[PDB]
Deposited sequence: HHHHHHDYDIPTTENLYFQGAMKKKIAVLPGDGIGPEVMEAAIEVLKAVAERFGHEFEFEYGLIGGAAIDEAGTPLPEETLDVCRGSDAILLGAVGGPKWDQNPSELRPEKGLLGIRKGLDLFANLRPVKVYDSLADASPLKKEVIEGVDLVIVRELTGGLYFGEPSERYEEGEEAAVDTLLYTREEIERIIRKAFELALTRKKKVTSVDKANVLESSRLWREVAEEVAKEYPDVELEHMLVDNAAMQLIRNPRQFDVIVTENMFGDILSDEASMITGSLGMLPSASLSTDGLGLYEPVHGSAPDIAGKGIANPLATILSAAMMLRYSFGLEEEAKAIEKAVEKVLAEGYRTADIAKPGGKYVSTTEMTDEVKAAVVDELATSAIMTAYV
């Protein structure tokens, strides 16, 4: 099984090395090994060569069973962008790879039910996933006296995504919140109809319709009501970023993006935090937890996945924190500390231990 690793820049290279370290450990214990191929992306791909996303690399992803991405973006490329070169990169990966589904899981750790800006009374039990359409809806001269944007969805597109939403619900709490603005948007009338059409092929799953703005109130008022939420390209952008606050440190969260044909790209939701890069103290868990995702959805290796979720779970229950999830004043570990500890947790949950 061949894997596409792309650290990028900032702490990208750091949290990537961290992820791969945890990864390697689990596979050597489990029988199989992996071939790793390395590629530039964004700032590193703008420097050492031409485009934010080189052809030279795009194909290495294409010839590989999964992709691990770190981060991109920086000050260096904030002034002197050209608005065609600064970071993403990512779009280009998305469109270049026919990735249609975005999967952002949010399960709050008991360990951590006090990190959020929200009250522990509300965040304690939440474990939900936002499933986001990536191909349709919006997107894909100073002085103009007017501007236009076209929101275009196809019935294929919607159907393709809502199905993933039900597939996932089946492995979870068998409930799908479908979020549309169907009291105003042509595309949303379509969405909700596509929705009820599929509801029928999974009679054992609850489908509810939620208006996009309600959704936003309920994500802070009562995220425990949610299992799976499926939504259109823009909304998903907004709701992901909102739901992300439920847990508090973007440093926890992982994301997967999946292709029409089942190719995967896995990455941490957190940006590049370029200040902190080089001082070995970025929280490696998200990228780590991401490789767990990869394990699950790219290769069906469920146990090798649970192995990490189970590990990470404990290390935090021990009360290990990195900078970001540390209480104020609380003691915190470095990246390799965190890393090495997560390793330790897996070996100990893979034992003999008679006597």
For this chain, which runs of the deposited sequence have no C-alpha coordinates, given in order from the N-terminus? 1-23, 164-170, 386-390
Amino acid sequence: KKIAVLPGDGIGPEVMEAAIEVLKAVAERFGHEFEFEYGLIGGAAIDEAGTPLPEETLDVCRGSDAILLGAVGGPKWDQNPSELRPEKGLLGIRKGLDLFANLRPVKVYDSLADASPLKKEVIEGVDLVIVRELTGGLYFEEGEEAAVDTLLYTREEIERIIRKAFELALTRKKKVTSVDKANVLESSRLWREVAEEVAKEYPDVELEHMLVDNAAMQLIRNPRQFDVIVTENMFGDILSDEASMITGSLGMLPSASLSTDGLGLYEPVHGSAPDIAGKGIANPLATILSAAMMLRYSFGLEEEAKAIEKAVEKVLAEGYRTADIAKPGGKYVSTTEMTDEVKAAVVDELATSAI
From here on, numbers count along this sequence of modelled residues.
Mean Cα B factor from the PDB record: higher for 147-155, or higher for 77-85? 77-85
Comparing mean C-alpha B factor in the record for 278-286 and 227-235, the higher one is 278-286
Say you rank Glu208, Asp110, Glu186, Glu142 by Cα B-factor from the PDB entry; which sits at the top? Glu142
Third of the chain, ranked by Cα B-factor, where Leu90 sits: highest
Test of reading the entry: by CA B factor among the chain's modelled residues, which third contains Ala66? middle
Chain third (lowest, middle, highest) by recorded CA B-factor, residue given as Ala27: highest
Check where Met293 lands among this chain's C-alpha B-factors and tell me if it's the lowest, middle or highest third. lowest
For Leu103, the third of its chain by CA B-factor is the lowest
